[PDB]
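Chemist: Would you mind keeping the following structure in view while I ask a few things?
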Amino acid sequence: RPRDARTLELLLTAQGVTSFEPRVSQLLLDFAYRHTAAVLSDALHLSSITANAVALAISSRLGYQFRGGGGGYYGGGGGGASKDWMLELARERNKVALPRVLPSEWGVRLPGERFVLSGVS
Amino acid sequence: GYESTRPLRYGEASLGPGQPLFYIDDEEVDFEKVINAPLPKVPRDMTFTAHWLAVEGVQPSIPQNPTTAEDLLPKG
Amino acid sequence: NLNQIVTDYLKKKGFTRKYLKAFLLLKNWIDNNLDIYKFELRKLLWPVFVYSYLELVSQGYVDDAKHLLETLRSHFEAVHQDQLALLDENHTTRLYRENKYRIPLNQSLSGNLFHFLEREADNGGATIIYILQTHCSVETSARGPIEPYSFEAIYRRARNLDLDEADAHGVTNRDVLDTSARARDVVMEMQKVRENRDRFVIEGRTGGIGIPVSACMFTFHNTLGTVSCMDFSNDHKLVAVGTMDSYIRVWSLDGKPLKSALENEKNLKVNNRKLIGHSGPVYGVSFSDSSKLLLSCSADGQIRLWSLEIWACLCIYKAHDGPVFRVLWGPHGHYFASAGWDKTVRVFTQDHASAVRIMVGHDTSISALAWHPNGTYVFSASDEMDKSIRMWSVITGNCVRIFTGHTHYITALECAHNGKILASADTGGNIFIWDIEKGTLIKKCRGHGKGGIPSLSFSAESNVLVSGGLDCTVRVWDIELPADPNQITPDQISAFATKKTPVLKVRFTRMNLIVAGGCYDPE
Amino acid sequence: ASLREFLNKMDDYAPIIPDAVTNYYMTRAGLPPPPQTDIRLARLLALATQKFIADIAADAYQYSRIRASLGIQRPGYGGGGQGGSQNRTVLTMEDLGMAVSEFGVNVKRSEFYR
Amino acid sequence: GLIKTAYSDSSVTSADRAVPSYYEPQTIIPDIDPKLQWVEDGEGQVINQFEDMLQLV
């Protein structure tokens, strides 16, 4: 068994995972290899390479992927949208009145004919 | 390619004293052996049963329940 | 100090220091008693119906009277054809109005009937009470029940006796008791019954132990660890499970064949079916308030509405951006809520293709949901850095309460039936009990192992809670311990162990019984 | 060519992919099995899959052949054992990676893990 | 041969009172439908009791 495979398995075990599947650590190692290769190539094309080139390459890469993670207060997680824009959209939506329903239609009405699966056979 | 059902085995090379290297074990095979091999066994279909896990707060000693031989009662 | 900050903020903000329902209910009550009483009980059906119909006609709601006449005509079409045809003013109506109906009954039967009517005064018994008082008069008697082969009828026929005042006054007992074969004080009787009944209430709890409960377990075999969600119908007749293969499967809990409204599938013999159409793992399922509709969500970002009568999809909702993890019907089944990866909670109605309300405020993904029993509030919980619970208003869409204290991933949320308590569990084995109005933690329950508590359930009266965990145990807790007469918390009533079957669902029935479900893995 | 005539002739163009695989993957993707879906459509989809795989295979063989006769394998395509037997052409990771790079797939791995 | 039950130990493999059972209500266990009972064969698989609705591949 290679090195850092035992370390990744120990890290997973120390976080609640009671069982694994043999091949996960290999996947993670190959992913790390590919990420390192991509970032290195980008930095080499940017500019011997300094730390500024590496930082610029990472910043450029962050523009179209890795928009996730467990970020909290003002952390770019769950898509990366800003809370003010979402609040504006929520204010716009939550301004309309709730639909009017009668007891004879409570549970039997459906959307218009344009938004239902009618005649798909 | 990481969904294979084959076992994962590592080789071990020695670049020097205290500097080992590991590689994936992979041996060339003929197409006859792969194409002619038998398929794995088909598991049975999904189904469900029923039984009594407890009657009036007591667990019956039936085959479907765990044996008394093998944390379920406060002792403070 | 948080109190100083809050006080400063508040100070800086300028804060200064009708008849058909009753008839159906009566009929349903009548057919439930013993067959002896039913013969005398059926005599109340016709007078109630005719007087209700006449009252509705007189009041000017001729449409309602016509609806009542047509709806119930099949019930009496084989006895009173001529009367029904007449009902399609003549002296018959005047005679009916002038003379109040006379119905004989026994004293014990009268007492049982009055008690039953009082027990459901606000549910529709008041209408029957008023009708019986006004347009009817009961001549109670001490005789035995009248039946074609009971002691009273046999005695009267054999000994050649004579009819009584009650028997004197189109079915008449004279045709039965004849050789050719008292009054009432309702209102007073009602207050009188209420006074007698109020004396038998229980108003305390001291000493003793917790309540004993039974449990029934359903186990699924040959799943191979591909099952993701589970759910029972409200009446415990169907079970649905979603898988990681993108399909759903519904079973009959008793093995009886399932039925389809399609004519081409007339009387087909199958007890389990499949719902296909998702292109990703299914994470949530929900039976509607028998159940005819079903909701499901998957990792592909879609919510699908299925029909349990034809077994096909009807509509797709496309409001989310990313995986959807949970979906829940409302307490009465027209509204539903959803929440997933993009850190937002949305409320839908089945009549509209777009979310009617959007709820912002969480900082991480949502991992639990719950509705309030009154149908106007929703609960949600987030994970990771922001481990908090929030209560939203459906009218405005704003947050009104926040609960903090959890240190682990939150797995289940539940609201009591009385509407004043909330329960939550995490992967550390803890169960929290919250006061909704004061936003304060009441107590903590301990005893479950680490791993998660997928489900929770409250008793009918909200005095007992049952939980199921991934450590293969089912545990019962006492919300309030009895008053003293002078690793595991001392309020755990019971704890059962399964045979290597993690529990994914627990449900409380009307009685002190529960049903559980899980998947069996030999390894 | 017409879709109607092609579907009618689908009898003579059945692929080599067993119906069980077709049903399994159709169900995974969200389409009911042939009993509720014309078998001709399922056969057509399987034939498209076969054509795609055959195209990739031809590309891989072409890549392998031009290499046959500096002389060091490209980094990032770790794999192999002794090196096969005789002068037989061996489907190796390098040729497959080179071929599928034209289709938008990346199969780069590490050779030694340390 | 009056009823079918799954209480025998072989089903799953993977004072002596002289009175009828109705004299001791606190010892009775309700019955399960035979078709829904957990019975296992010798190999260790759960036998399916609904032979009517089974079909051959």
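Just so we're on the same page: first chain in the structure tokens is A, next is B, and so on; residues restart at 1 for each chain, and ligands are numbered from 1 in the order they show up.
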I want to know what sits within 12 Å of stretch 25-28 of chain B, based on only C-alpha atoms, with residues of the same chain fewer than 2 positions away left out; could you give that as a PyMOL selection string?

Modeler: (chain A and resi 1) or (chain B and resi 6-13+22-23+30-31+33-34) or (chain D and resi 78-86+88-93+111-112)

Chemist: Any idea which chain D residues end up within 6 Å of chain C if we count only C-alpha atoms, as an MDAnalysis selection string please?

Modeler: chainID D and resid 28:30

Chemist: For a quick check of understanding, using only C-alpha atoms, which of B:37, B:29, B:24, B:55 has the smallest distance to chain E?

Modeler: B:55

Chemist: Kindly give the distance, in Å, that separates atom CA of residue C:230 and atom CA of residue C:273, rounded to a single decimal.

Modeler: 15.0 Å

Chemist: Set out as a tab-separated table a contact list for chain E and chain C with a cut-off of 8 Å, giving each residue of chain E that qualifies its closest atom pair and distance in Å to one decimal, counting only C-alpha atoms, ordered by chain and rising residue number.

Modeler:
residue	atom	partner	partner_atom	distance
E:14	CA	C:522	CA	7.1
E:35	CA	C:255	CA	7.9
E:36	CA	C:255	CA	7.7
E:46	CA	C:221	CA	7.5
E:53	CA	C:270	CA	6.3

Chemist: Write out the residues from the selection above, keeping N, CA, C and O atoms, as a PDB file, in the first residue's frame.

Modeler:
ATOM      1  N   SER E  14     -28.937 -17.630   8.207  1.00  0.00           N
ATOM      2  CA  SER E  14     -27.885 -16.705   7.803  1.00  0.00           C
ATOM      3  C   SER E  14     -27.413 -15.863   8.984  1.00  0.00           C
ATOM      4  O   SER E  14     -28.077 -15.792  10.019  1.00  0.00           O
ATOM      5  N   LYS E  35     -47.705 -15.690   4.203  1.00  0.00           N
ATOM      6  CA  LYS E  35     -47.021 -15.243   2.995  1.00  0.00           C
ATOM      7  C   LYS E  35     -45.980 -14.168   3.279  1.00  0.00           C
ATOM      8  O   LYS E  35     -45.085 -13.960   2.454  1.00  0.00           O
ATOM      9  N   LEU E  36     -46.072 -13.487   4.421  1.00  0.00           N
ATOM     10  CA  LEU E  36     -45.154 -12.410   4.767  1.00  0.00           C
ATOM     11  C   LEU E  36     -44.139 -12.818   5.828  1.00  0.00           C
ATOM     12  O   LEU E  36     -43.443 -11.953   6.368  1.00  0.00           O
ATOM     13  N   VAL E  46     -33.872 -15.788   1.347  1.00  0.00           N
ATOM     14  CA  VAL E  46     -35.238 -15.668   1.845  1.00  0.00           C
ATOM     15  C   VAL E  46     -36.191 -16.161   0.763  1.00  0.00           C
ATOM     16  O   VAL E  46     -36.209 -15.631  -0.352  1.00  0.00           O
ATOM     17  N   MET E  53     -47.314 -14.578  -8.651  1.00  0.00           N
ATOM     18  CA  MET E  53     -46.920 -13.397  -9.407  1.00  0.00           C
ATOM     19  C   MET E  53     -45.470 -13.440  -9.878  1.00  0.00           C
ATOM     20  O   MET E  53     -44.958 -12.422 -10.353  1.00  0.00           O
TER      21      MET E  53
END

Chemist: Name the closest residue to chain C among the candidates B:1, B:57, B:63, B:18; distances are taken between atoms, counting only C-alpha atoms.

Modeler: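 Closest residue, counting only C-alpha atoms: B:57.
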
Chemist: Could you please tell me, as a short mmCIF file (atom, residue, chain, number, x, y, z; two decimals) with C-alpha atoms, in the first residue's frame, which residues of chain E have an atom within 7 Å of chain B when using only C-alpha atoms?

Modeler:
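After the write, result-v8.cif holds the following:
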data_model
loop_
_atom_site.label_atom_id
_atom_site.label_comp_id
_atom_site.auth_asym_id
_atom_site.auth_seq_id
_atom_site.Cartn_x
_atom_site.Cartn_y
_atom_site.Cartn_z
CA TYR E 7 -40.66 -19.74 15.15
CA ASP E 9 -34.73 -22.12 14.80
CA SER E 11 -36.33 -20.70 9.86
CA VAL E 12 -33.43 -18.21 9.98
CA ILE E 32 -48.23 -12.83 11.02
CA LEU E 36 -45.15 -12.41 4.77
CA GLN E 37 -43.14 -14.57 7.19
CA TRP E 38 -39.33 -14.57 7.28
#

Chemist: Between atom CA of residue D:99 and atom CA of residue D:60, what is the spacing in Å?

Modeler: 5.0 Å

Chemist: Please give the complete set of residues from chain A that DSSP, run on the backbone, assigns to helix (DSSP H, G or I), formatted as a ChimeraX atom specification.

Modeler: /A:5-13,24-46,51-61,83-93,113-115

Chemist: Would you export the selected residues with C-alpha atoms as a short mmCIF file (atom, residue, chain, number, x, y, z; two decimals), in the first residue's frame, please?

Modeler:
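What ended up in part-v7.cif:
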data_model
loop_
_atom_site.label_atom_id
_atom_site.label_comp_id
_atom_site.auth_asym_id
_atom_site.auth_seq_id
_atom_site.Cartn_x
_atom_site.Cartn_y
_atom_site.Cartn_z
CA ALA A 5 -3.23 6.25 0.96
CA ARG A 6 -3.11 5.12 4.58
CA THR A 7 -3.14 8.78 5.60
CA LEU A 8 -6.26 9.57 3.55
CA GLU A 9 -7.96 6.44 4.89
CA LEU A 10 -7.08 7.44 8.46
CA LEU A 11 -8.41 10.95 7.83
CA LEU A 12 -11.68 9.51 6.52
CA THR A 13 -11.94 7.16 9.50
CA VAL A 24 -11.44 5.83 -3.40
CA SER A 25 -7.91 6.76 -2.31
CA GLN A 26 -6.58 5.99 -5.79
CA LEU A 27 -9.22 8.32 -7.24
CA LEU A 28 -8.23 11.10 -4.84
CA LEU A 29 -4.53 10.67 -5.61
CA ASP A 30 -5.12 10.80 -9.37
CA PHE A 31 -7.32 13.88 -8.94
CA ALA A 32 -4.54 15.61 -6.99
CA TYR A 33 -2.06 14.69 -9.72
CA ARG A 34 -4.28 16.11 -12.46
CA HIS A 35 -5.01 19.33 -10.56
CA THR A 36 -1.30 19.86 -9.89
CA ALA A 37 -0.42 19.26 -13.54
CA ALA A 38 -3.07 21.70 -14.79
CA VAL A 39 -2.09 24.46 -12.37
CA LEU A 40 1.61 23.96 -13.12
CA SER A 41 1.03 24.20 -16.87
CA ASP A 42 -1.03 27.37 -16.48
CA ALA A 43 1.61 28.97 -14.26
CA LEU A 44 4.39 28.00 -16.67
CA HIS A 45 2.53 29.60 -19.58
CA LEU A 46 1.90 32.74 -17.51
CA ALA A 51 4.80 32.67 -6.45
CA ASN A 52 2.82 35.49 -8.08
CA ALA A 53 2.43 33.40 -11.24
CA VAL A 54 1.05 30.47 -9.22
CA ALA A 55 -1.37 32.75 -7.38
CA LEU A 56 -2.55 34.29 -10.66
CA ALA A 57 -3.05 30.85 -12.21
CA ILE A 58 -5.12 29.69 -9.23
CA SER A 59 -7.17 32.90 -9.31
CA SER A 60 -7.86 32.45 -13.03
CA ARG A 61 -8.86 28.81 -12.52
CA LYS A 83 -26.61 37.20 -0.18
CA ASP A 84 -27.72 40.71 -1.18
CA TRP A 85 -28.72 39.63 -4.70
CA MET A 86 -30.63 36.64 -3.33
CA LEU A 87 -32.34 38.91 -0.80
CA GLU A 88 -33.39 41.25 -3.62
CA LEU A 89 -34.80 38.34 -5.62
CA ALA A 90 -36.64 37.03 -2.56
CA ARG A 91 -38.11 40.47 -1.89
CA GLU A 92 -39.32 40.65 -5.48
CA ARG A 93 -40.92 37.19 -5.35
CA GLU A 113 -51.95 23.01 -20.08
CA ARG A 114 -48.58 24.45 -21.17
CA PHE A 115 -46.74 23.08 -18.11
#

Chemist: Kindly give the distance, in Å, that separates atom CA of residue C:359 and atom CA of residue C:329, rounded to a single decimal.

Modeler: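 Between atom CA of residue C:359 and atom CA of residue C:329 the gap works out to 17.0 Å.
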
Chemist: Can you list, as a ChimeraX atom specification, every protein, DNA or RNA residue that comes within 10 Å of residue D:75 when you count only C-alpha atoms, leaving out same-chain residues fewer than 2 positions away?

Modeler: /D:72-73,77-78,94,108-111

Chemist: Could you list, as a PDB file with C-alpha atoms, in the first residue's frame, every residue within 8 Å of residue B:53, counting only C-alpha atoms and ignoring same-chain residues fewer than 5 positions away?

Modeler:
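Saved to out-v9.pdb:
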ATOM      1  CA  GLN B  59     -38.828  -8.429  22.867  1.00  0.00           C
ATOM      2  CA  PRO B  60     -39.938 -11.971  21.931  1.00  0.00           C
ATOM      3  CA  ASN B  65     -34.780 -11.128  16.700  1.00  0.00           C
TER       4      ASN B  65
ATOM      5  CA  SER C 214     -45.570  -2.651  20.760  1.00  0.00           C
ATOM      6  CA  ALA C 215     -43.650  -2.592  17.489  1.00  0.00           C
ATOM      7  CA  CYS C 216     -43.908  -4.249  14.074  1.00  0.00           C
ATOM      8  CA  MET C 217     -40.860  -4.400  11.800  1.00  0.00           C
ATOM      9  CA  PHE C 496     -35.273  -2.471  21.291  1.00  0.00           C
ATOM     10  CA  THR C 498     -32.815  -5.208  15.555  1.00  0.00           C
TER      11      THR C 498
END

Chemist: Could I get the residues of chain C with an atom no further than 10 Å from an atom of chain B, each paired with its nearest atom pair and that distance in Å to one decimal, using only C-alpha atoms, sorted by chain and residue number, as a tab-separated table?

Modeler:
residue	atom	partner	partner_atom	distance
C:211	CA	B:57	CA	8.5
C:212	CA	B:57	CA	5.0
C:213	CA	B:56	CA	4.9
C:214	CA	B:55	CA	4.5
C:215	CA	B:54	CA	5.1
C:216	CA	B:52	CA	4.7
C:217	CA	B:51	CA	5.7
C:218	CA	B:50	CA	4.7
C:219	CA	B:48	CA	5.3
C:220	CA	B:48	CA	4.3
C:221	CA	B:47	CA	5.5
C:222	CA	B:46	CA	5.2
C:223	CA	B:46	CA	6.0
C:224	CA	B:43	CA	9.1
C:251	CA	B:48	CA	9.2
C:253	CA	B:48	CA	9.0
C:254	CA	B:50	CA	9.9
C:255	CA	B:48	CA	10.0
C:272	CA	B:47	CA	9.7
C:447	CA	B:71	CA	7.9
C:448	CA	B:71	CA	9.2
C:449	CA	B:71	CA	9.5
C:473	CA	B:72	CA	8.9
C:474	CA	B:53	CA	9.4
C:475	CA	B:72	CA	8.9
C:476	CA	B:57	CA	9.7
C:487	CA	B:74	CA	7.5
C:488	CA	B:74	CA	5.2
C:489	CA	B:74	CA	6.8
C:490	CA	B:74	CA	6.4
C:491	CA	B:74	CA	9.0
C:492	CA	B:74	CA	7.8
C:493	CA	B:57	CA	8.9
C:494	CA	B:57	CA	6.7
C:495	CA	B:72	CA	5.8
C:496	CA	B:59	CA	7.1
C:497	CA	B:66	CA	7.2
C:498	CA	B:65	CA	6.3
C:499	CA	B:66	CA	5.0
C:500	CA	B:66	CA	8.4
C:512	CA	B:56	CA	8.8
C:513	CA	B:56	CA	8.7
C:514	CA	B:54	CA	9.8
C:515	CA	B:53	CA	9.4
C:516	CA	B:53	CA	9.1
C:517	CA	B:50	CA	9.4
C:518	CA	B:48	CA	9.7
C:519	CA	B:48	CA	9.0
C:520	CA	B:48	CA	9.7

Chemist: Please report as a Markdown table every residue of chain C lying within 7 Å of chain A, along with the nearest atom pair and their distance in Å (one decimal), using only C-alpha atoms.

Modeler:
| residue | atom | partner | partner_atom | distance |
| --- | --- | --- | --- | --- |
| C:314 | CA | A:117 | CA | 5.4 |
| C:315 | CA | A:116 | CA | 5.0 |
| C:333 | CA | A:107 | CA | 6.5 |
| C:334 | CA | A:107 | CA | 5.2 |
| C:341 | CA | A:78 | CA | 6.1 |
| C:342 | CA | A:78 | CA | 4.8 |
| C:343 | CA | A:78 | CA | 6.4 |
| C:350 | CA | A:110 | CA | 5.9 |
| C:351 | CA | A:110 | CA | 4.2 |
| C:352 | CA | A:111 | CA | 5.0 |
| C:353 | CA | A:111 | CA | 6.3 |
| C:357 | CA | A:94 | CA | 5.4 |
| C:358 | CA | A:90 | CA | 5.5 |
| C:359 | CA | A:90 | CA | 6.7 |
| C:360 | CA | A:87 | CA | 6.4 |
| C:363 | CA | A:72 | CA | 5.5 |
| C:364 | CA | A:72 | CA | 6.4 |
| C:384 | CA | A:70 | CA | 6.2 |
| C:385 | CA | A:72 | CA | 5.5 |
| C:386 | CA | A:72 | CA | 6.4 |
| C:396 | CA | A:94 | CA | 6.7 |
| C:397 | CA | A:94 | CA | 6.4 |

Chemist: Can you tell me, as a list in words, what residues are no more than 7 Å from residue C:445 when counting only C-alpha atoms, ignoring any on the same chain fewer than 6 positions away?

Modeler: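 Using only C-alpha atoms, the neighbours found are residues 430, 431, 432 and 489 of chain C.
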
Chemist: Excluding stretch 42-52 of chain D and its own-chain neighbours fewer than 2 positions away, which residues fall within 12 Å of it when counting only C-alpha atoms? Please give them as a ChimeraX atom specification.

Modeler: /D:3,6-27,31-40,54-59,100,103
